[PDB]
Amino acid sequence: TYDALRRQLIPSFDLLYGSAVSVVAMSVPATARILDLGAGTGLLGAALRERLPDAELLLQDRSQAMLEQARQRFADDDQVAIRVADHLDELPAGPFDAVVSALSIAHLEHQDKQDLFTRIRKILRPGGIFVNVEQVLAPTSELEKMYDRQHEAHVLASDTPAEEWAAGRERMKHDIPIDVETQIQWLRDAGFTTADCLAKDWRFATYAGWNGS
């Protein structure tokens, strides 16, 4: 399955996606309105639905091909809507209790990331939460080599098909990651009153900002 390959490619998948679901559930009500930016096949959205059966999910992505898989995943779910939109396009009108994203925002230029965080806060209710599960750069080129070693170590320990890891490395060449503490400070710059790294496995981290808390 697609879901098994993602666990193979992503170190501490269960910790990082689990941490995103847990922090949302401890920050918003059961009936929360949640925006999922770069939802893809809707993997984080599925994890949220499992925890929050009464939550309204809006799944957003630039790729109709990716959303086709999200449509199938959520075939019979009447509290899930799907919007075709770029992160750089106007966000859907607030208010949202939570805006979430997994492995998407790293594709934007740094200035576009900072602008996006500001635009996200504007569509969040007071006390609202932004959560990102993100590929993060090491703070030095030497530590980046160690980050890469640990990613490789997980992929080989997971018995990952060679051709799928090759495709994975190729996709990462088109990412523009930065270190977690830099993008956490960008949340503070954007006007989020608290921001924190909840969980981290070297190259992959779950962080959140709160709009008043």
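Numbers for residues come from their place in the sequence shown, where the first is 1.
- Relative to one another, 156-164 and 179-187 have unequal mean CA B-factors, and 156-164 is the one with the higher figure.
- Legend: mean Cα B-factor per stretch from the PDB entry, 193-201 versus 6-14; the higher mean is in 6-14.
- The top Cα temperature factor in the record, among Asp97, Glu134, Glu90, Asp115, falls on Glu90.
- Comparing C-alpha B-factors across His151, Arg51, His174, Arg33 in the deposited entry, the largest value falls on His174.
- When the modelled residues of the chain are ordered by C-alpha B-factor, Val28 sits in the lowest third.
- Per-chain ranking of the deposited C-alpha B factor places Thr140 in the middle third.
- Sorting the modelled residues of the chain by their CA temperature factor places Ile82 in the highest third.
- Ranked within its chain, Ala39 lands in the lowest third, by CA B factor from the PDB record.
- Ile129: CA B factor in the lowest third of modelled residues in this chain (values from the PDB entry).
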